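In structure tokens, the next block holds one chain alone, the form deposited in one PDB entry.
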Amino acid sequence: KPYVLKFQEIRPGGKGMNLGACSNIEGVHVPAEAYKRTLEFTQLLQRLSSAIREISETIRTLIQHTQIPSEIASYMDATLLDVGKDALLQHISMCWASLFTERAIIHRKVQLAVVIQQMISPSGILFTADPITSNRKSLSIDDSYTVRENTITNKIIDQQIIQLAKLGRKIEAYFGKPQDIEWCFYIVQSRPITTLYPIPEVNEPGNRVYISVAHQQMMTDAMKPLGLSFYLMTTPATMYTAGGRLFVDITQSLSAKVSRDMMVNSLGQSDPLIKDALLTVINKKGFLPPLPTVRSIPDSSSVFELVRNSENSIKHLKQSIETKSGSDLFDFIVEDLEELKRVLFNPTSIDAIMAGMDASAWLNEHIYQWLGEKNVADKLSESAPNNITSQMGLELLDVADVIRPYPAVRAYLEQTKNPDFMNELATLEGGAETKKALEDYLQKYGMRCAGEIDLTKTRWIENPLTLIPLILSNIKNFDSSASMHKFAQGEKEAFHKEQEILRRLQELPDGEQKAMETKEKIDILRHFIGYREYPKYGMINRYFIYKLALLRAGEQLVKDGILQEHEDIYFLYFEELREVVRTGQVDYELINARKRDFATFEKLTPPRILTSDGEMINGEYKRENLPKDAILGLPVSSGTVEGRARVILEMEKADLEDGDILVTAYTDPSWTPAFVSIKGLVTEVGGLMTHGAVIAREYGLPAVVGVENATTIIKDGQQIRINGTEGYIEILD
């Protein structure tokens, strides 16, 4: 190993090369393992393998006590001569001592080296992409300046700064990445920006606009490559991936204008923040290219038969995939996705979904202009029949009803952390009865989980232990038969609402025509609004059957010595994994990079809108006569309540008592069992007719969605008041 080497001489410490590539310096200013012999010293270090932080005490006092054998210093001064020794000592030793306390604070017995350079004077910093919105084209320097390209947007407390903007964008190309170099124009150090949200690799002409799938799907978690792949292979929409999450391209729809006005207005009725964000993008001149100058309603028997038809499709798939392996397995999944798409996007099925959605809109619009009641379809939707997601939440109460009379079982569940607790219940009295209740519940809802759209996430039936805290809370928060009481009560309120509306309408001009037409919509509403949650349920069912088969293939790849861990298939796309099974070869520098990317994706939060310039845009609400200091959101379930806020990001750790108001990032279908005890819901994402929101209505639960940074603005334990009619939130304490 070379004792010493100057910056250009080095070829491919970390800083040792910030210098490395940079020696080139085109158009700008360029400046300018010796502790190997550090080896008394050695005895101490093997004591660290074994608190006693006194150690740093001598390991680090000898550092100052590290005597530099001249064995080479002249070399040291046989190099810096062209450009003292007491100084090298203070820090050379200084740097070594560095190894002593930090490492302890936060490991390998390998080493860091020292870099020597000179001090000069004239300063702020250069950002290649702005930090505020992550726009790759706009840049900002720190006293701070914001320039796009030779134009500055804002001036906040001046011709040479612009000369500068042009220096960063030069060296940016030398690494390709947007970078962070600080100039005081003489730059000492360099490094890339690692906080930016990735732009969807799409090299179709010009500026593009993307819609966040996470917001519509009520799930903001980063998804693994394989899971991302299966969603992309299912959707008919022009969808792409970025930052471990999914986005839909709508740029072409924005080029024409009747296409635009049908896209902007429609998305605005799922959540107003999309529209406000879109209109802002449109108002950005120079970005978006210049514009140039009744559904059918199925029979009553359709829903029953749509469910039956789907169930048997799953049943057939389950039998066919058992005999498949290797390349045959992948060949089968490719042609089964067509069957998935058929059941999921069946014209009759879509008509059944929209039948409930259209009826909700019809009521909410007409009843308001007639009687003055806003969002009456919420209360009319309470305890709607045949909602596979609503049933899931309430039936967990039934599970708790079985366990409650058994003290021996309860003592176990309260303390157990065994994933295989299902097979330890027969020992206890009532465990056999408890096992049955759990197995039956998991036979209906086991294929679901938080993040179910990601095929690679742990399902309930794979880790039943996550359902335990919800079960325990049900035992503590409720008496027996709470499922029947809650549902029956919902039916009463919904019917009393129906009779009230029809009665009041007959007092208006042309009474018994507004009522009869309303009665028709209410029937349609309560007959179809439940089916809304089912196509998702049928899709997830296929996903879990896929997962089990892919795991078998992953385990075969382990047996064949090709894969190390069988869950490493999660970081390969379907297209790639199919080749691994076929050829028998796999690039693990890729797999490790995928894992490395996923770890940074989790630290990212998807914007409502993402552009080609990496700009992250979330819409703004309009405060029309709403209270000031009120946190605005989208009202999706009528009612006003005061309760204790509970900021909970993971359902497994939710210790919900009666009176609590759930504040969280998202509520996908799997969150439903936590709706039974709370008296209000607040989410950061979601829309009018998305997951969670549709369930809150049927549960008679006041909910406000689309509340930005609700898990940060609202503190856990705070008393808050939410209004699910107007869509605002107040802090009281």
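So that the term is clear: the rigid core is the largest set of C-alpha atoms that superpose within 1.5 Å between two forms. So that there is no doubt, residue numbering starts at 1 and follows the sequence shown.
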| task | Look at the stretch from residue 508 to residue 509 and count the residues of the deposited sequence that the entry does not model, then pick none, 1 to 3, 4 to 9, or 10 or more. | result | none
| note | For the neighbouring pair residue 106 and residue 107, the stretch of deposited sequence with no coordinates amounts to 4 to 9
| message | So, looking at the entry's B-factor column for Cα atoms, which has the higher mean, 158-166 or 513-521? | response | 158-166
| note | Avg C-alpha B-factor, entry values, 112-120 vs 458-466, higher side is 112-120
| message | If I read the C-alpha B-factors straight from the PDB entry, which of 189, 600, 220, 241 is highest? | response | 189
| Hey, out of 691, 47, 679, 697, whose CA B-factor is highest in the deposited coordinates? | 47
| said: Sorting by Cα B-factor within the chain, modelled residues only, which third would residue 527 end up in: lowest, middle or highest? | reply: lowest
| request: State the tercile, meaning the lowest, middle or highest third, of residue 28 with respect to the CA B-factors recorded for its chain. | output: highest
| Within this chain, which third does the Cα B-factor at residue 711 fall in: lowest, middle or highest? | lowest
| query | residue 375: which third of its chain by C-alpha temperature factor? | reply | middle
| task | Check where residue 580 lands among this chain's C-alpha B-factors and tell me if it's the lowest, middle or highest third. | result | middle
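One more form of this protein should be noted, the form deposited in another entry, which is absent from this view; the next part is about it.
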| field | Identity of the moved residue from 582, 436, 492, 342, C-alpha shift 2 angstroms or more, core fit between this form and the one not shown | value | 492
| field | Shift of residue 166 between this form and the one not shown at or above 2 Å (CA, core fit) | value | yes
| Large Cα move at residue 77 between this form and the one not shown, threshold 2 Å, rigid core | yes
| task | Determine whether the C-alpha of residue 551 shifts by 2 Å or more between this form and the one not shown once the rigid core is superposed. | result | no
